[PDB]
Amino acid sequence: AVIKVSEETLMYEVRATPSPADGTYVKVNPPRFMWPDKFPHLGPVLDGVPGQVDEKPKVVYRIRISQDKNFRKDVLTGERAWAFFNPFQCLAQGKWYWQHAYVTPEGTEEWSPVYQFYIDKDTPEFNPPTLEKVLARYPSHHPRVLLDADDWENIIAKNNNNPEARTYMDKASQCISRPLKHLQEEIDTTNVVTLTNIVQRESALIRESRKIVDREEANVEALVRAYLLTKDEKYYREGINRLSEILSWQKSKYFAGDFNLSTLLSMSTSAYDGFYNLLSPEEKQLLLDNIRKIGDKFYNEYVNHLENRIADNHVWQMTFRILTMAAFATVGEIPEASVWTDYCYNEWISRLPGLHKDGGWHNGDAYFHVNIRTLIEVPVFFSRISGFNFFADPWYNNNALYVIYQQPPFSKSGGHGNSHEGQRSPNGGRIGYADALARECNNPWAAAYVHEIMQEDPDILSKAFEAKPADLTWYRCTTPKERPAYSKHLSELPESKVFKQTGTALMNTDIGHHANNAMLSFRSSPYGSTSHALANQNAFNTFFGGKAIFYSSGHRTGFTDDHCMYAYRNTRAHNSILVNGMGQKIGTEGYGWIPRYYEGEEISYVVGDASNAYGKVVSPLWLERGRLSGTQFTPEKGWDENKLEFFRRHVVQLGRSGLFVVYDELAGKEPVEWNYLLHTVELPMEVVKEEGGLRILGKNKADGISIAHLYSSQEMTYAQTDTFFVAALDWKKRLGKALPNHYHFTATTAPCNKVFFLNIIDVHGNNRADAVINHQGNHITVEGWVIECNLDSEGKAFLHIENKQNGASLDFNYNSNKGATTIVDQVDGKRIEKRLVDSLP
């Protein structure tokens, strides 16, 4: 029942294995074929500072696919400049064989081993049309990307009475005859020049230049759309005026980072497609010169790189969509765009949207939003030009649940990924996204999220959020789809949701009534702590009424700076466990996973395994970032030789009571001191001895309470502090100072090879008084729950929880259950029994 994983990593920064995997049943027909590059390529390690980069040869691959193992009969073949292939047909049922080849510059083939896969009668079909079909019917007229010329007059008429459309003309009109100065006059470099660390200095230059570029992009895009909605050429004249000035900034020493360059490509695409029929020969050459130059630069960066990165952030967020639209804007007009369209259309189909197929966002709460326009605009565009529904990808309906559970109405987000602490309430961008999912997928839960939130806040779409990567106003101006009618209520959702592949879980007592909702989030993820993800495997957070109590601490001050590495990403910042003060490895190697779980009604359950997440940092990507950034991955900073053999954290939701039980199994290869952590981010914790353990009271500045009743198989000492491991200096801001302190509780055990912790957490607000924990009859009772467990370092772990009155129970043991967890639950008046065993992700 208990699976042990012995892998150095579960996910790879750079693809190491073929998909579909050897001997597997594919999850979709046709399969999406992908394989590692002949010359595996990590590429630049940072936006501002590339680091050591290898050559990336142009290459040719081949593929053959057949139910005939000797590849003689009915063989599908392909040749590509990149390591992915789409058959564009549904394959027959049964067993299949395939292999891919690298073709040397001399014409020699290096064939892979022959791999096998199976197609079932049950295998889902998701078969978008060939690019040849799409281009055959693609019109040569402009506009054809921002909208279609045939639909132009209708879109104008429909928006004459759309108050959302008025904002473009208002914003654009402010620009007219209002000169834009040159970059060097608009930019603020007064902070940049004070910085001596090159990663920080270059990062700040990126930030300062993007401030100006992004401000002006909003102007240029408003000018293009104002022209499309009115046909008043004053918007064309100023649009060309303003864009010409921005383009002239190209070669400035201040014009830094790839988003700025992609922004030039994007605006050039909008002005070219939108103003096409008005362009003078010089204006057209200007726009086309820049499309060619910048599109070629990004294609050359992506190819033999993007497709095999675990995820390439700036590309997935904005930059891929931007090449896609530039390619479809100019296909048939410039030769280069044939290659770009081929690449982008196939790469989307190959592996997008998303990384985790359960719908979770790998990079967490904040960065999800930076993908919103990409997640919607690309498949909307592909769908209308192809006549095929790209939203039939099951990821979208799965992602709808992530949107709701990860940040319920008017609620603090669950606490994952860089900048998680700033996500306090669903913003207009998130609402615009759920709105699109509701329309494109006819998803009643997404519809409920939008309807119930707009009921309380009618103006939410117009509130504050970063427009550049997330604003869907233009989508709303141009879609012929209406919002579906409100049907399901959020209150009809399951109390808990587990994302097994993402490695996260959300538990709620009242998700459909946010102000009364006691909530716990959990992470133990195969993605580890690379990219924007944190080193928080087996970490939980708690919330009441949509405000956090026990919560991951620290501030997002950068991407690789000392505060981030030592006090924010670092395991010491989170509600998890340290080993002799040492934390989880930075990178994909610091992974966790969720071996078993149960989403129920009277009881819910999730387990995280972080047994392999600790030790020395070995990720070549993060070792290079560390070298460049001045990071020290040393025992003094929190990383040392691994001592951890086993770490499972069992998390039990006690129905809708607001009570959660957290039970830990820990084993080390030698006696160690175990450090049990809790943090709060508004007010200090209050600690007192309680029976044979500790009571840790957390509270926020509002109604929120979370009380940990913590027991261990060993004697514990404790301490609290207000200080971060290193100051949260906001170095990115002019005269930036230290950001506000948080609060850090640590219980430390006597040295031992094995330890168990029981933590009964009481999460509530003004809805009820604290729960009373009774220590009677050599077990523990609370509100009709009886809780028994092993708190004996020399005994076998077990956890037995039962509410006789509600008919719920959970039994984890290594004796009669043989490592399994058995559940009894009541769902709609029916007794439900489950036996849970481990499964890999």
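When you see a residue number, it is the position in the sequence shown, counting from 1.
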So 385-393 or 371-379, which one's hotter by mean CA B-factor in the entry?
-> 385-393
Avg C-alpha B-factor, entry values, 603-611 vs 766-774, higher side is 766-774
Which one of 475, 118, 622, 550 shows the top CA temperature factor in the record?
-> 118
Using the temperature factors in the entry, find which of 184, 713, 399, 268 has the highest value at its Cα atom.
-> 184
By the entry's values, the third containing the CA B factor of residue 480 is the highest
Determine, from the deposited record, the chain-internal third of the Cα B-factor for residue 734: lowest, middle or highest.
-> highest
Entry-reported Cα temperature factor of residue 724, expressed as the chain third it lands in = middle
Looking at the entry's B-factor column for C-alpha atoms only, identify whether residue 74 ranks in the lowest, middle or highest third of its chain.
-> highest
Thinking about Cα B factors across the chain, which third does residue 26 belong to?
-> highest
